[PDB]
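Notes for the one structure printed next.
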Amino acid sequence: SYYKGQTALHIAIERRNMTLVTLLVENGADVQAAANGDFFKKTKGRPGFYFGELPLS
Amino acid sequence: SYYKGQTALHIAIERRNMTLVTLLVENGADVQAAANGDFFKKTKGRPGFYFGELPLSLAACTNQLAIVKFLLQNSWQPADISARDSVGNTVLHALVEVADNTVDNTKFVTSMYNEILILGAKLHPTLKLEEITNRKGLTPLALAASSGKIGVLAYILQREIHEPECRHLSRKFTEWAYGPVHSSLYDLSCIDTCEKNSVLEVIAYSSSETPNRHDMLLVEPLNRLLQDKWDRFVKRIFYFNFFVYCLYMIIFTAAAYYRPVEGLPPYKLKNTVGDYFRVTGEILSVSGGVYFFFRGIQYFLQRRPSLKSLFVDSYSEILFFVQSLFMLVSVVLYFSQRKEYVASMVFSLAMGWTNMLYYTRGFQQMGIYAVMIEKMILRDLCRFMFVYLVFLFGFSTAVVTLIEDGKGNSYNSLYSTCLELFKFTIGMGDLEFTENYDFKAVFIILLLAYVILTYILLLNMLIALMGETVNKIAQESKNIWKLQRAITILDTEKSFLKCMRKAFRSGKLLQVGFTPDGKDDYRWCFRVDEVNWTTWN
Amino acid sequence: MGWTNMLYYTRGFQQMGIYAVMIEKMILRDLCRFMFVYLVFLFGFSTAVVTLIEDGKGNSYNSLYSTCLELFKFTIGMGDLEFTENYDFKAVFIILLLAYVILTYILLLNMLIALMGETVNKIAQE
Ligand SMILES: COc1cccc(NC(=O)/C=C/c2ccc(Cl)cc2)c1
C-alpha cells in the first residue's frame, strides 16, 4: 500500500521544521525508514522526485 | 449638446482630488452619470480616450484607488458595478480597453483589476461580473484576447488568490507542493472551443491587425494545452490527412501523365483495364478538386478573412483554392471539346505538388523553414523582382531598339531579347548571341551594364537581404509556426462537430474548493507540474 | 567513399576539425531540409512539364527522368529554357519553367546561403 513506506518523520522533514522532527525522533523513532514507493522513484515521466529512501537522504 | 453628458463629479475625478469629489458627492450627487459624448467614444482617429460612461469607470481606468474605494463603500447611492455602458463595456471591459503593453500600465490595470474584482465579490458574492458581455458579446477575457492585451490575459489565466473565502474567484488552483515540486491546476472555463467566443478561437481567427497575436499563445497554459491536444488526438489525424493528400497527388500525377494524345476530348471508354484505371484517376482527381473548392468557400464564409492583407495569413488556403479552381476550369474545358484543358490541369498539378509544404507545419523544424520561405517571398523576393523587371525591361527595350535585322535573325521581338537577358540572369547568357546590330560597342556596353547591375549587384544584394531577414525573423517564424499549428488543431477538432465530441475534450472535471454559497466548484482543470528551488514556502 | 572519408583525419588539426564539424552539421541540419523542399518542387514541376509534352510528331523527352534532369541542370545553372519544342502551348511551358527558376534558383539557393550563414554564426562554438 502507498501509505506504508512513508513515516511521520518523512512528512515532518518535508515541512522542514527542526523542532517537530526532533520531537518526533526523541522517543527513539526509527531512522532506517525506506520510502520504497513508486511516487519516490526516479522516473521523470511520472510526478514526484526521487531523493533517497532514507530520511537522511 | 457637449456640456450635458459631463458632471462636476467627472471633472473632479479628473483632477484626482479625493476631498473635492467627496465634498461634491456628500450632498447626494448622482453616481449614474453617463458621459455619452463623442469626445469619450472609443474612436482612435479622434482626440480623447474612452474610459467608461460611469464615473466609477473613469476612476477605475485612472489609478484613483481612493475614489473607487469610497464610491463602492459610500453610505448613499452605491453605484452598481455591473453596468452595461453605451458600447456595453463594463468597467472591466473599459480597463481592458485602456490596457496597453506598457509595463506600468499593465501593473496598474492588473492591481486595480484584482482589487475591483474582490470589491465586487464582497458587494455581490453571487454576481457574475466577469461574465457580463458587451454588445459585441465578448467577456473581458475575450475582449483582451481580441485586442491583443497580453498582460491582462497572463494575469487572468494565472490569477491566484490566497484568501480562503474569496479565493474561489481565482483561475489557477494550486493543489500541493511536496518540496520544490508542486502541481498547478487551471480553469479552462472558456479557453477551450466550448463557448460562443473562446479565447483560443479568438486568437486563431483574429486578423494580423491585433498585435502580438502569435506571441500571446506563448503563455504557459495555452501552449501546454495546445501541445497536449496535438500529442493526444490531432497528430494522428494530421498524418492521416497528409497521407491521403499524398495519395491524391500521386493519383493526379499518374492520371494526367497518361492522358490520351489522339483525338479531341472527351475520349472513349475502352474495354481495357488501362482506360478504366485512367478514368478512375481522373474522377478521383476531380473529386479532390471539388472538395478543396468547397473547403475554400467554407473557409471564406466562416472566417470572412481580412480583405486588406489576405496573403499574409491565408496564403496556403488561397493556393489550395487556386488549385481547385484550375482543376474545375480544366474539367469545364475538357467537356467543351476543347484541348486547352492541358494547361489548366498542368498548373493545378504543379500547384498541388508545391502545396505539400502546407503539411510541414506538423513538424517543428520544417514548419519554420516553410514560414521563412513564405516571409522571404512576400518580403524580399517581391522587391527584388520589381527592381529586376524594371532593369530587364529597360535594357531589353534598349537592345531590341539597337537590333535592326536588315539583311539568329528573328530577334527583333521583345520576348526573345527579354528571354536572353533572363538567361544572362540564370548564368546561361551569351554575350554575342546575335550580330545583327550596327554598333558592337553599344551592344556590348548595354549587355555589360545589365550584367553588372543585375547579376553582380542585385543577386548578391538579394542574398545579403535574405541573411538579414533570416537573422531578424527566426523567432517570428517560430511563433508563426506555433500559431499555424494552433489553427490546424482548431480546424481539426471542429471538423468532427457531428462525428463525435466527448473524447475531443481537454482537462479533467475537478472539485477542489467551495463557493461562499457552501457549494462545490466543478471546473475542468488541467495540471501543470513545476519545480522551483528558491521559493520554498 | 574512401576518398571522401579522408576528412575523418582532419580532427587531429585544430582548424580543419572545426571545418569538418561544420560540414557535417550543415549536412544534417541545413542541406537535408533544402533537399526535401527542392525535391518536392522539382518533382512537381517536372511532372507538370512531362504532362505538357506530347511528342506526337530532342524527341524522347517524355520520360520523367529526362525532364527532372533538365530541371536539375536549371538548378546548377546549365538549364536551357527551350530544350524542346514538342509541347502544344509555349506560354504554359515558359510560365512553368520561369516559376521553377524563380522558386528554386532565385529563392531556395539564396535562402540556403542565408541559413548557412545563420547556422555558422550560431554553431561556431558548438
Ligand atoms: C503553403 O506552402 C507554400 C509556401 C511557399 C510557396 C508555395 N508554393 C507556391 O508559391 C507556388 C506558386 C506557383 C504559382 C504559379 C505556378 Cl504556375 C506554379 C507555382 C507553397
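Quick note on naming: the chains in the C-alpha cells go A, B, ... in the order shown, residues restart at 1 in each chain, and ligands are numbered from 1 in order of appearance.
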
Long-range neighbours of residue 2 (chain A) as a CSV table (one decimal) with N, CA, C and O atoms, in the first residue's frame, 10 Å cut-off, only C-alpha atoms, 5 positions minimum in chain:
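Written output follows (around-v4.csv):
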```csv
chain,number,residue,atom,x,y,z
A,35,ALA,N,11.5,4.7,1.9
A,35,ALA,CA,10.4,5.2,1.1
A,35,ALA,C,10.4,4.4,-0.2
A,35,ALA,O,10.7,5.0,-1.2
A,36,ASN,N,10.1,3.2,-0.1
A,36,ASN,CA,10.0,2.3,-1.3
A,36,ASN,C,8.7,2.4,-2.1
A,36,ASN,O,8.1,1.4,-2.4
A,37,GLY,N,8.3,3.7,-2.4
A,37,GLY,CA,7.1,3.9,-3.1
A,37,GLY,C,7.4,4.4,-4.5
A,37,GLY,O,8.4,5.1,-4.8
A,38,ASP,N,6.5,4.1,-5.4
A,38,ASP,CA,6.6,4.5,-6.8
A,38,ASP,C,6.6,6.0,-7.0
A,38,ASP,O,7.2,6.6,-7.9
A,39,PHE,N,5.9,6.7,-6.0
A,39,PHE,CA,5.9,8.2,-6.1
A,39,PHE,C,7.3,8.7,-5.9
A,39,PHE,O,7.6,9.8,-6.4
```

Protein and nucleic residues near ligand 1, 6 Å, only C-alpha atoms and all ligand atoms, as a ChimeraX atom specification: /B:316,347,350-351,354-355,357-358,370,373-374 /C:96,99

Shell of 12 Å around residue 29 (chain C), only C-alpha atoms, local chain residues under 2 positions omitted, as a PyMOL selection string: (chain B and resi 365-366+369) or (chain C and resi 21-27+31-36+112+115-116+118-120+123)

Distance criterion (only C-alpha atoms): nearest to residue 490 (chain B) out of B:151, B:203, B:2, B:21: B:203

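Pairwise distance (CA of residue 442 (chain B), CA of residue 403 (chain B)) equals 10.7 Å.
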
Residue list for chain B near chain C as a PyMOL selection string, 9 Å, only C-alpha atoms: chain B and resi 253+256-259+261-262+340+342-343+345-354+356-357+365-366+369-370+372-373+376-377+381+419+423+426-428+459-460+462-471

Could you dump the residues just selected with N, CA and C atoms as a short mmCIF file (atom, residue, chain, number, x, y, z; two decimals), in the first residue's frame?
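What ended up in again.cif:
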```
data_model
loop_
_atom_site.label_atom_id
_atom_site.label_comp_id
_atom_site.auth_asym_id
_atom_site.auth_seq_id
_atom_site.Cartn_x
_atom_site.Cartn_y
_atom_site.Cartn_z
N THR B 253 -1.10 12.86 -60.59
CA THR B 253 0.09 12.81 -61.44
C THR B 253 0.01 11.65 -62.41
N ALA B 256 -2.87 12.32 -65.11
CA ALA B 256 -2.51 13.34 -66.10
C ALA B 256 -1.36 12.87 -66.98
N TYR B 257 -0.37 12.19 -66.39
CA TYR B 257 0.79 11.74 -67.15
C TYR B 257 0.37 10.83 -68.30
N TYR B 258 -0.64 9.99 -68.08
CA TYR B 258 -1.09 9.02 -69.07
C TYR B 258 -2.26 9.54 -69.91
N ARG B 259 -2.40 10.86 -70.04
CA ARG B 259 -3.53 11.41 -70.77
C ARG B 259 -3.45 11.04 -72.25
N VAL B 261 -3.43 11.42 -76.20
CA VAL B 261 -2.87 12.48 -77.02
C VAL B 261 -3.45 12.45 -78.44
N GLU B 262 -4.41 11.56 -78.68
CA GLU B 262 -5.01 11.40 -80.03
C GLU B 262 -6.51 11.66 -79.91
N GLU B 340 -7.50 22.94 -74.57
CA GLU B 340 -6.73 23.83 -73.70
C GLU B 340 -6.81 23.42 -72.24
N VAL B 342 -5.26 21.05 -70.99
CA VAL B 342 -3.94 20.58 -70.59
C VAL B 342 -3.24 21.65 -69.76
N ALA B 343 -3.33 22.91 -70.18
CA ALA B 343 -2.67 23.99 -69.44
C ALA B 343 -3.21 24.09 -68.02
N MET B 345 -4.84 21.86 -66.25
CA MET B 345 -4.53 20.67 -65.47
C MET B 345 -3.07 20.66 -65.03
N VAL B 346 -2.16 21.09 -65.91
CA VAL B 346 -0.75 21.13 -65.55
C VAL B 346 -0.50 22.14 -64.44
N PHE B 347 -1.12 23.32 -64.55
CA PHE B 347 -0.97 24.31 -63.49
C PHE B 347 -1.49 23.78 -62.17
N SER B 348 -2.66 23.13 -62.19
CA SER B 348 -3.20 22.54 -60.97
C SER B 348 -2.26 21.49 -60.40
N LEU B 349 -1.65 20.68 -61.27
CA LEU B 349 -0.74 19.64 -60.81
C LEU B 349 0.48 20.24 -60.12
N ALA B 350 1.10 21.23 -60.75
CA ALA B 350 2.27 21.86 -60.15
C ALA B 350 1.91 22.55 -58.84
N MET B 351 0.77 23.24 -58.80
CA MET B 351 0.33 23.88 -57.56
C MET B 351 0.10 22.85 -56.47
N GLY B 352 -0.53 21.72 -56.82
CA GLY B 352 -0.78 20.70 -55.82
C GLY B 352 0.50 20.13 -55.25
N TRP B 353 1.49 19.86 -56.11
CA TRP B 353 2.75 19.33 -55.61
C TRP B 353 3.47 20.35 -54.74
N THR B 354 3.49 21.62 -55.15
CA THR B 354 4.12 22.64 -54.32
C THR B 354 3.35 22.90 -53.03
N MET B 356 2.26 20.63 -51.01
CA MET B 356 2.58 19.65 -49.98
C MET B 356 3.33 20.30 -48.82
N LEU B 357 3.87 21.50 -49.02
CA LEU B 357 4.54 22.21 -47.93
C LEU B 357 3.56 22.69 -46.87
N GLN B 365 10.76 21.61 -37.16
CA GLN B 365 11.88 22.21 -37.87
C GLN B 365 11.57 22.54 -39.32
N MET B 366 10.73 21.76 -39.98
CA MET B 366 10.33 22.09 -41.35
C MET B 366 9.29 23.20 -41.37
N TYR B 369 11.00 26.39 -41.62
CA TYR B 369 11.51 26.57 -42.98
C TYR B 369 10.41 27.07 -43.91
N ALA B 370 9.21 26.50 -43.81
CA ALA B 370 8.11 26.95 -44.66
C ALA B 370 7.73 28.39 -44.33
N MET B 372 9.67 30.73 -43.10
CA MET B 372 10.72 31.59 -43.63
C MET B 372 10.60 31.72 -45.15
N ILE B 373 10.26 30.62 -45.83
CA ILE B 373 10.16 30.57 -47.33
C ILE B 373 9.00 31.45 -47.78
N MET B 376 10.19 35.35 -46.90
CA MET B 376 11.12 35.83 -47.92
C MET B 376 10.46 36.00 -49.28
N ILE B 377 9.39 35.27 -49.57
CA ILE B 377 8.66 35.51 -50.81
C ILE B 377 7.88 36.82 -50.76
N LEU B 381 11.68 38.64 -52.03
CA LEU B 381 11.65 38.29 -53.44
C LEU B 381 10.79 39.25 -54.25
N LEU B 419 14.03 37.22 -72.91
CA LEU B 419 14.42 35.86 -72.52
C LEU B 419 15.93 35.71 -72.51
N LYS B 423 18.16 34.70 -69.32
CA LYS B 423 19.20 33.67 -69.37
C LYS B 423 20.51 34.20 -68.82
N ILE B 426 20.26 33.83 -65.13
CA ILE B 426 20.46 32.49 -64.59
C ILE B 426 21.83 31.92 -64.94
N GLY B 427 22.73 32.74 -65.48
CA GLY B 427 24.07 32.28 -65.79
C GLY B 427 24.18 31.44 -67.04
N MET B 428 23.35 31.70 -68.05
CA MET B 428 23.42 31.00 -69.33
C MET B 428 23.29 31.99 -70.47
N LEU B 459 21.66 40.22 -57.35
CA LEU B 459 21.50 38.88 -56.78
C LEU B 459 22.31 38.73 -55.49
N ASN B 460 23.52 39.28 -55.50
CA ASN B 460 24.39 39.26 -54.31
C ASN B 460 23.69 40.08 -53.24
N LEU B 462 20.49 40.46 -52.99
CA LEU B 462 19.36 39.65 -52.55
C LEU B 462 19.80 38.65 -51.49
N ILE B 463 20.96 38.03 -51.69
CA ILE B 463 21.47 37.09 -50.69
C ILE B 463 21.74 37.81 -49.38
N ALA B 464 22.31 39.02 -49.45
CA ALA B 464 22.57 39.78 -48.23
C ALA B 464 21.27 40.11 -47.50
N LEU B 465 20.26 40.57 -48.24
CA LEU B 465 18.98 40.88 -47.62
C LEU B 465 18.33 39.64 -47.04
N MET B 466 18.48 38.49 -47.70
CA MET B 466 17.96 37.25 -47.15
C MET B 466 18.63 36.91 -45.83
N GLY B 467 19.95 37.09 -45.76
CA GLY B 467 20.64 36.86 -44.49
C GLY B 467 20.11 37.75 -43.39
N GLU B 468 19.98 39.05 -43.69
CA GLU B 468 19.46 39.98 -42.69
C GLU B 468 18.06 39.57 -42.24
N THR B 469 17.19 39.23 -43.19
CA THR B 469 15.82 38.87 -42.87
C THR B 469 15.76 37.60 -42.03
N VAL B 470 16.59 36.61 -42.35
CA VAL B 470 16.60 35.37 -41.57
C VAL B 470 17.00 35.67 -40.14
N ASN B 471 18.12 36.39 -39.97
CA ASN B 471 18.56 36.75 -38.63
C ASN B 471 17.49 37.52 -37.87
#
```

Point-to-point distance in Å for CA of residue 111 (chain B) and CA of residue 188 (chain B): 22.5 Å

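The set of residues in region 59-96 of chain B assigned to alpha helix (DSSP H) by DSSP, using only backbone atoms of this structure, is residues 59, 60, 61, 65, 66, 67, 68, 69, 70, 71, 72, 73, 91, 92, 93, 94, 95 and 96 of chain B.
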
All residues 10 Å or closer to residue 83 (chain C), only C-alpha atoms, same chain fewer than 5 positions away omitted, as a tab-separated table (two decimals) with N, CA and C atoms, in the first residue's frame:
```tsv
chain	number	residue	atom	x	y	z
C	58	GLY	N	16.08	15.16	-79.12
C	58	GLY	CA	15.11	16.14	-78.68
C	58	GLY	C	13.68	15.69	-78.89
C	61	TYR	N	11.79	12.99	-74.77
C	61	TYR	CA	11.79	13.73	-73.51
C	61	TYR	C	10.56	13.45	-72.67
C	67	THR	N	13.17	15.05	-67.95
C	67	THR	CA	12.70	16.37	-67.53
C	67	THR	C	13.23	16.72	-66.14
C	70	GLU	N	16.72	17.80	-66.64
C	70	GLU	CA	16.79	19.13	-67.22
C	70	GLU	C	16.55	20.21	-66.17
```

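Using only C-alpha atoms, the residues found no farther than 12 Å from residue 1 (chain B), other than those of its own chain fewer than 4 positions away, are residues 5, 6, 35, 36, 37, 38 and 39 of chain B.
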
Minimum-distance residue to chain A, chosen among B:177, B:185, B:142, B:486 (using only C-alpha atoms): B:177

Within 12 Å of residue 15 (chain A) using only C-alpha atoms, minus same-chain residues under 3 positions, as a ChimeraX atom specification: /A:8-12,18-21 /B:177-180,536-537

Go ahead and write the selection's residues with C-alpha atoms as a PDB file, in the first residue's frame.
```
ATOM      1  CA  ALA A   8       5.745  10.771  10.209  1.00  0.00           C
ATOM      2  CA  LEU A   9       9.459  11.610  10.117  1.00  0.00           C
ATOM      3  CA  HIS A  10       9.353  11.894   6.322  1.00  0.00           C
ATOM      4  CA  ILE A  11       6.489  14.406   6.254  1.00  0.00           C
ATOM      5  CA  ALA A  12       7.965  16.246   9.243  1.00  0.00           C
ATOM      6  CA  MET A  18      13.534  21.104  13.086  1.00  0.00           C
ATOM      7  CA  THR A  19      11.605  21.224  16.366  1.00  0.00           C
ATOM      8  CA  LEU A  20       8.871  18.924  15.059  1.00  0.00           C
ATOM      9  CA  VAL A  21      11.315  16.324  13.727  1.00  0.00           C
TER      10      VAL A  21
ATOM     11  CA  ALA B 177       3.778  21.360  -3.034  1.00  0.00           C
ATOM     12  CA  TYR B 178       5.816  18.365  -1.838  1.00  0.00           C
ATOM     13  CA  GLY B 179       9.141  20.150  -1.647  1.00  0.00           C
ATOM     14  CA  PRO B 180      10.145  22.128  -4.738  1.00  0.00           C
ATOM     15  CA  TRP B 536      10.478  27.230  -0.791  1.00  0.00           C
ATOM     16  CA  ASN B 537       7.347  28.466   1.002  1.00  0.00           C
TER      17      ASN B 537
END
```

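Take CA of residue 40 (chain B) and CA of residue 144 (chain B): the distance between them is 19.9 Å.
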
Can you check which parts of chain A lie within 10 Å of chain B? Per residue, the shortest pair of atoms and distance in Å to one decimal, counting only C-alpha atoms, sorted by chain and number, as a Markdown table.
```
| residue | atom | partner | partner_atom | distance |
| --- | --- | --- | --- | --- |
| A:11 | CA | B:178 | CA | 9.0 |
| A:13 | CA | B:179 | CA | 9.8 |
| A:14 | CA | B:179 | CA | 6.4 |
| A:15 | CA | B:179 | CA | 8.2 |
| A:16 | CA | B:179 | CA | 9.4 |
| A:47 | CA | B:529 | CA | 7.6 |
| A:48 | CA | B:181 | CA | 6.9 |
| A:49 | CA | B:181 | CA | 7.5 |
```
